[PDB]
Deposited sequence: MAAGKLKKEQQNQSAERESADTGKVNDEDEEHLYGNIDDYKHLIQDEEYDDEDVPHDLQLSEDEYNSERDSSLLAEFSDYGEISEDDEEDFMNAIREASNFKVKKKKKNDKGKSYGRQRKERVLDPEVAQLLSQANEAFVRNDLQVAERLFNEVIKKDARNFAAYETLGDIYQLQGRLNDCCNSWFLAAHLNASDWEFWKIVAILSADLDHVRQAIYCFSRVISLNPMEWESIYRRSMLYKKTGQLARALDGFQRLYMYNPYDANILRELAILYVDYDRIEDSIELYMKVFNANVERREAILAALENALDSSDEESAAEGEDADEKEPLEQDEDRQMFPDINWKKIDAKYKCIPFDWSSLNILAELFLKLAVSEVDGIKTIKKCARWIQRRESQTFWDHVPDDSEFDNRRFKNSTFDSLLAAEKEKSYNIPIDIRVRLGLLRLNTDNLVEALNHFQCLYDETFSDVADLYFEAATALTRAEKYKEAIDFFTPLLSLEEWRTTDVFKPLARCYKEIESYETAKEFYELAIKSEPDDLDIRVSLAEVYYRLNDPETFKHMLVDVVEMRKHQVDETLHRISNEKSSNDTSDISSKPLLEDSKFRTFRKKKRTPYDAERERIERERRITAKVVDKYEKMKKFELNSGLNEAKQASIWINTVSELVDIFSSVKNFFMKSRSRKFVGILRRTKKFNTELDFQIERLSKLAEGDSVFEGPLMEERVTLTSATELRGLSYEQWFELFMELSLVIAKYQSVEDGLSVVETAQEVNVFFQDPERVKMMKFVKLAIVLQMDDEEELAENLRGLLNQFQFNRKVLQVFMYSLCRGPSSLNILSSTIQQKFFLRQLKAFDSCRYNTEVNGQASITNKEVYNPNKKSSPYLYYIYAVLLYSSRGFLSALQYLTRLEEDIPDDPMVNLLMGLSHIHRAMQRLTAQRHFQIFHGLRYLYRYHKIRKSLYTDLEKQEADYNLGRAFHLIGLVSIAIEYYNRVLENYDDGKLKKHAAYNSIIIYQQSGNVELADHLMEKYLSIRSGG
C-alpha cells in the first residue's frame, strides 16, 4: 500500500498540525492502530480527551493482546465518567491475564458505581485472598457484605485480622531470646488499632442479636491494645468495671503489680458510646448511662453527634427522663435546633408530665414542617391535659381539615362522677358477663378481648405507674382491631374527648383521678383485678404469643398497689417464671430463679422448681454448669451449716428465715443434691462424690443418688490414666445394680422399664455393647408402655449400623421410630 509511505511521511509531526491527513488514512485503510494511536495521541496534546479515548478504543480491538494498552485507555475512560466503556476495557485485560490486581480493584469499584455489586464482591474475595494484608481491600470488601446484610461474615473478616495481630505479639514477646526479618516473613498482618475497633463496634449494632457476646469482644480488643491482654479476668465480671473508676473496688485488680495499674484504662468516646448502645439493647439502662455520663467530659462541639445518637436511642427505648439530659445541651448550638431534636424532645416532656414545657417544643417544631400532623395531634392532646378545652376544639378543626385535604389526593367535679357512674356499670357487667360464661381456642380469644377491655380501664389510671405504659403492652390492648391507623385512632379518639363519652379503647387516653377508697377502684376490689393480670398473662402465653403475656406481668410488677403488698409480688415472680420457661432464652430464666432463691431461703418447693425448670436442654445445662450458680448454692450451703452448728451470736447477714428447726442437726439432702448436679454438670466428678456420698449415708434407698454415684465413678474412671480405672467402674456398677434392684422391686411397672434402659445405656457408655442390646430387648419385648421403646430402638440402631447389621436396623425404625 502507498499509504504506508504517506503516513510515516506525516509522522514527522514536530508541531501536530497534519492531523487531517491521519484522518484520511483511517478512512482509506481504517485498520492501522498506528493511525488511531497517534490521532488519539495528538488529541492528548491539544487536550481533546473525549476524542482521545474514542480513538484508542477503536485502536484497541485491532491488536487485542496488548493488555498494557487496554488499561491506559480504560483508566482514561473512568476519568471521563464513561464507566460502562471502562468496565469492558478492564474486562478485556482480566481475560488476557487473571493475575492483575489493579484492574480488578478499579473494575470492581466501578461495578458499585453501576449498581451490580455481585460482580464487585466476586472481585474482592479473590483480591483479598491473594493479598489478605492490604487495608484498602479489607475496607471495601467489608462494605459490600454490609450491603447484603452479611454482617456476621464481615465481623469474622475483622476478627481474623485481630487473631493474626495477637499471634504476632505473642511471637515477638517470645522471640526476645530480635529478628524483624524472620517474624515479618512468618507473621505479617494489617495493624489493628483504635480505628478498626471503631468499625467493629458499628457491626454489632447493625447485627443486633449478639449484644452481650459482642461487648466482650470489644473489651478484649480494647485491653489487647493498651497492652493488657494478660488481664483475662475482666472477661468474667458482668458489667464494665474496667474502663471506669469502679475498677479500684475489685478484689483482683487491687492485687496486680504496681506497674500494671498505670497502663491506660480509657476508651475513645466514639467506641464507648457504642458500648452504651449495646447495653441498652440488652435492656441494661444502668451501664448505658455509665458510658454516656462519660460523654460530658469531652469538648461539647466534638461529640455533638453522640449526644444525639445516645438520646435518640434512649427515646426509642422509652427512657424519656434520661434522654432529656442529652437533648437539652444540644440547644446551645443553632445547627442542632431543628425538628429532629425538638419532636423527640417534646414527647419526652409529655411522658414526664411536663406539659407546659412541651407546649413550646411542639409549637416550635410546627414552624419548620407545618405539613406534618404527628405534632399537631399530639400538640392538641396537650391542650386537653391542660385545663383549656377552648383552644382544644379549635386545634381539632385545624388538624382534621388538614387531613381531609390530604386523603382526597392521597363542671370539673360533675364531669367525672357522671363518667365514673357509667364506667363502673360497664366494667362490672362486662366482668359478670365474663363469669357466667367461661373449642378452647376460640373461647379464649373472645375471653381475652372482654378482659383486655377491662385491663385498659385499670392500667389507664396513671396514679399507679411511675412511667408510661409500654408500647408493647398497649399494642396488646390495641389488638381489638377496630382502629384504622395509629394516628387515625387518635383523631377518632380525640373527637370524642371534646365534651361527650362513648365506647372506645383508651378511656380518656389516661388520667389521674382521686381514688377516694382502698379495696375498690371500680366495683372490682384489687383482688379481682390482680386475678385478671395473672390469668391474662398465662392465657395469652398459652394460646397466643408467649412474648405478649410476659408484658402483662412485667407491667403488673409496677402498679404501686401490687408490689407494695406481699403475697402478690410473690405470685408475679412465679407467673413470670412460668412464662420465661417458654421464652427459650438462657440469661433471663436465671435472673428469675436467682430472684426466688434469695427470697425463699432453704425452701423445698422452690429448689424443685429450680431443677424441674432445668430438667432438659443445653440452655439449662449452661445455667447449672455456670460458675455463678456454683458460688450461689455454696453460699446457701454454708449458711445452712451456720444455722444448725453455730452456738455463737452470729446467725445473720445471710439468714432470711428464722424458723428452721433441726434438733438432730441433719443436713438438707436437697442443697447437697442441687449442688452436686452443678459439679456433675461441670464435669466435676470428684467434687460431686464428696457431697453425694454424704447423701448415701443419709438416704441410701433413694434411686437418683445411686444413679449419679454410679455415673460419677464411671465418668471419673474414664478420666484417669492408671489401673485403678477398672476398680472404679466396678465400684460404679454396684450403685447401678441397686438402682436396678430398687426400681424393679419397690415401684410399679413403668419405672421398672426405666431401669432396664438406663442399665443398657450404661453398658453402651463403657463399650460393653453386646450386653446393652440385651437390656434394650427387654424394654421392647417385656413391657407395654412405648415411650422408652423409641429411645431404646434409637440406641440399638446405632449399635447395628456400626456392626453393619442394617438388615435389622430397618426393622426397628419401621416399627418404633415410624410415624
Should a student be asked to find the unmodelled regions, what ranges of the deposited sequence would be the right answer here?
1-129, 307-340, 574-611, 640-644, 1026-1029
